[PDB]
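Peer 1: Pasting an experimental structure, sequence included:
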Amino acid sequence: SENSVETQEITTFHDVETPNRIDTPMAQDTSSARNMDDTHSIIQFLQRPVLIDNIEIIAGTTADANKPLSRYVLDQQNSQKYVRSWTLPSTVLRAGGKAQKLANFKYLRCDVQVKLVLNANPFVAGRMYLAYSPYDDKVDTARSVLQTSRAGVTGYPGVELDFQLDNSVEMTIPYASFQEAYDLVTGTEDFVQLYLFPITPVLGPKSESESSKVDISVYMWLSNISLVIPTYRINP
Amino acid sequence: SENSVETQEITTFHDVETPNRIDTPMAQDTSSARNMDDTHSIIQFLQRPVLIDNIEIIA
Amino acid sequence: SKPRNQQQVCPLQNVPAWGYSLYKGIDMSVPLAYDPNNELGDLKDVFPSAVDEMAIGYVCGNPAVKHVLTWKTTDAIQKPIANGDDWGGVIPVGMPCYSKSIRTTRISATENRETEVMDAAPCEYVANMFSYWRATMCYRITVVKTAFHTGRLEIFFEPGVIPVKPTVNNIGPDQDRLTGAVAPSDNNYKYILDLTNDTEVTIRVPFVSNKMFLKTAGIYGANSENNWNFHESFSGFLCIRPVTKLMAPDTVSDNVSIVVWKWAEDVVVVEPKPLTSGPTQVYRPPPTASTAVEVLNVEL
Amino acid sequence: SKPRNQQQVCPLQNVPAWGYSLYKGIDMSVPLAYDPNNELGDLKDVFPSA
Amino acid sequence: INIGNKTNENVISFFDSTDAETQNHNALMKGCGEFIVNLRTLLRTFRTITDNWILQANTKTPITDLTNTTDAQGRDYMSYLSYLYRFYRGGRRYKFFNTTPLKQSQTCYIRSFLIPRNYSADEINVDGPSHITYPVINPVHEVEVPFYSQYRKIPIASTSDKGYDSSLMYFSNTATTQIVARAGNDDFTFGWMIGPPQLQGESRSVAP
């Protein structure tokens, strides 16, 4: 009669009395959408793998995709040559429609998974290396992966990427930032910044009209997430 | 909440509620005037002899 | 009976007053007294309280009025009270200061001195000493109404960057961005008070913003030039904007008052030095407006 | 919590290397090493006599 | 619903993840180490109240020629918490750091004595509990004034009564400019809390 303080998700009210609320006579169950699928939570929804990139290699090669790793890097013009650059988590959040499903939240504590499905013919050899380097375009110039030697590139954490032995890799890129719980509104996140390096050049028969392809693909999804503070904004 | 009738020496009040009275956090004792003399009541004070008259006789 | 010395050579460094800025450790200050065991008594019968009156749990637990609002029938709904306060409806959650008044005197025919004068809540006044803070804030919003004023009033949190207006000498909030229908209040933590018979509310806001400690700069040197420290000091703002307009008859007055109290519980601090670009100068009010205040400088 | 000093005045004589020509007594020579507890082994397997 | 008013006090809370007192230990153990609790502990640290105090040679100088000036500013912790309180008890430790261009044709030394508060120079004697240092061999003067008072506590800036507790007199021989730092002694504490006065910000003094 005096105490009407009820609680919604994140919302509380303050009335004089309980305002004479009427409702359903009996809450009988109806159409069977509950019996067709269980409800997917928002921590369950940010664990779906997405098709991000589709990298094709031909050897070849006129392009930069088969320049091998330099044994020495003597100057910043002749930096280390790579394939692609994924600037996590700003790539994994925008793709797959995730950012239009974690809107109206503020802080995030994620761990990015990376999987490489690989599919090449038996008549082609080679080897790559999938290194990640946190703050790789924030730290001073000499400390980045793109300026060190071949022994220094491979010494970074990662996994071997041989063709005939590995058709799938599982790498767990950790929560690797100094700030507690990544900001989203006015976001400049870009903490861990991934790379893909070829160690040996891709090898095939030197006669052409043969089409020695590689066709890498990249899957990423989050893990061990905690999504906490509600807001009204978001970056587009 | 309804019954605020308090009593002073010879004086009584009548309010709607007890008017949200705040007071000292802890009533710690202070300077020692209580330790120097006991309090003299008004029945104790009207028992002090007074020098009224001073009568001199010469023969 | 007079043997030779058996002790090793004690090494040495000549440091008079080694580590004087620490509250622990035996200090070599000579007492100018009769007894080396000079012991004052305990705290019995001296101060007329029994509460330990210096713990930060009690000093910062002291309520102070910050804002006095005037909520009118002229003012619209779903829009905070913009009154020339200038903060008013947008109270920044956080322990250090956020407001300032500027005193403009004259020196020559074309030169003036603009001295920033700040108000000081006791939660604010302690935080000026220390550099980095972390505290669970509190606010006790009270409506000063009659028996006949009703309505519904909303207070909602928002974490992060506060909307501002940088000026030449001060920062004002921006009520162009908090109106509408351009900034909804449907996903924030909120409380919808009722002016029918409920009057007061205390809205405890714990500390959550992506860092272990914020800064205690606040509004010192906050202007168009230097306003990084103002953003990294609060974890957002409360916002008092009305859901439903004030319903008042012609007998009672159309103006009600909203008094915003402030304190901070569970306070912890980091360094015993001021983070500001100036010493802790306490503002002494001049007798006459033509007189100026002595300024502490940074040479040694 | 920060009381006054209770120790007496320690008397003093400035003698660097007091009694250096004695085979006993702890000497103040600074080792130019990584570990203060720099301990060579015993005389086992070094000199080919026992 | 009737025409009237109630109080019905509501301590309603926002974010309620964990207990607050538990996270504050975990936050300071990785960011501070030191856990500041009581402001009584900040009256034990010697913060420098002046940077330069050019004392004229051969003059018994009371520190109240500097204390009346430097209790206004609140630069240290004694005069900054002189505004949040009203009373105080306990003695004031003083340290004096020499910064003089010393001269070899003299023997520089430093004395110290006691006066009761707010007396002038000549109206007190000199035989009392003393201390002496020699700044050629010891640049720091390590002096603690005790608490010898008539009253159990002292309010700030009192009435026409004077000489009701003791403080320092500072005697030298040469024109020694110094640094002065201070804090209260082991049993120095304030009391009787009030609300705080204002603060003063930056004074950049733009022309228009």
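Peer 2: Looks like it arrived, so ask away. Residues are numbered from 1 along each chain as shown, chains lettered A, B, ... in the order given.
Peer 1: Settle this for me: residue A:148 is touching residue A:74, isn't it.
Peer 2: No. Under the criterion of C-beta atoms under 8 Å, residue A:148 makes no contact with residue A:74, lying 11.7 Å away. Where you see a C-beta, it was placed from the backbone N, CA and C, and this is true even at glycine.
Peer 1: which of those two has more neighbours?
Peer 2: The neighbour comparison of residue A:148 against residue A:74 (other C-beta atoms under 10 Å in any protein chain shown) goes to residue A:148, with 19 against 8.
Peer 1: counting contacts, what elements does the longest strand along chain C pack onto?
Peer 2: Counting by DSSP state E, the longest strand found in chain C is strand C:256-269. Helices and strands touching strand C:256-269, as assessed by 3 or more C-beta pairs under 8 Å, 6 or more residues apart in numbering or on different chains; DSSP states H and E, comprise helix C:56-59, strand C:64-71, helix C:122-127, strand C:132-138, strand C:140-144, strand C:237-247, helix E:20-31.
Peer 1: Any idea which of those gets closest to chain B?
Peer 2: helix C:56-59 (9.9 Å; C-beta to the nearest C-beta).
Peer 1: Give me the contact list for the closest one.
Peer 2: C:51-53, C:122, C:126, C:265-267, C:269, E:36-39, E:84, E:193 (C-beta atoms under 8 Å, 6 or more residues apart in numbering or on different chains).
Peer 1: got a list of what the residue in chain C that chain D sits nearest to touches?
Peer 2: Nearest residue of chain C to chain D: residue C:8, at 4.2 Å (C-beta to the nearest C-beta). Contact criterion C-beta under 8 Å, 6+ apart gives D:25, D:26, D:28 as the residues in contact with residue C:8.
Peer 1: Name the nearest residue to the most centrally placed residue in chain A, sequence neighbours excluded.
Peer 2: Note on chain A: the residue nearest the mean C-alpha position is residue A:92, at 3.8 Å, using C-alpha atoms, centre = their mean. In this structure, residue A:92 finds its nearest non-sequential neighbour in residue A:220, 4.5 Å apart by C-beta to C-beta, 6 or more residues apart in numbering or on different chains.
Peer 1: same question, residue A:112
Peer 2: residue A:173 (4.5 Å).
Peer 1: do you know how far that neighbour is from chain C?
Peer 2: 20 Å (C-beta to the nearest C-beta, to the nearest Å).
Peer 1: Run a quick check on that residue versus residue A:110, I expect a contact.
Peer 2: No. Counting by C-beta under 8 Å, residue A:173 does not reach residue A:110; the two are 9.4 Å apart.
Peer 1: how about residue A:213, secondary structure?
Peer 2: coil (DSSP: H, G, I helix; E, B strand; the rest coil).
Peer 1: residues in contact with it?
Peer 2: Residue A:213 touches A:56, A:57, A:58, A:120, A:121, A:124, counting by C-beta under 8 Å, 6+ apart.
Peer 1: gap between residue E:45 and chain A?
Peer 2: Counting by C-beta to the nearest C-beta, the gap from residue E:45 to chain A is 31 Å.
Peer 1: That residue: how many residues sit nearby?
Peer 2: For residue E:45, using other C-beta under 10 Å, the count is 19.
Peer 1: Setting aside sequence neighbours, what's the nearest residue to residue C:187?
Peer 2: residue A:104 (4.4 Å).
Peer 1: For the one you found, pull up the helix or strand it's in.
Peer 2: Here residue A:104, judged by DSSP states H and E, is contained in no helix and no strand.
Peer 1: One more: residue E:67?
Peer 2: Judged by DSSP H and E, residue E:67 forms part of helix E:64-70.
Peer 1: In its sheet, which strands sit next to the next helix or strand after that helix, and in what direction?
Peer 2: Next along the chain after helix E:64-70, taking DSSP H and E as the criterion, comes strand E:87-89. Partners of strand E:87-89 in the sheet, by DSSP bridges, are strand E:154-155 (antiparallel), strand E:189-191 (antiparallel).
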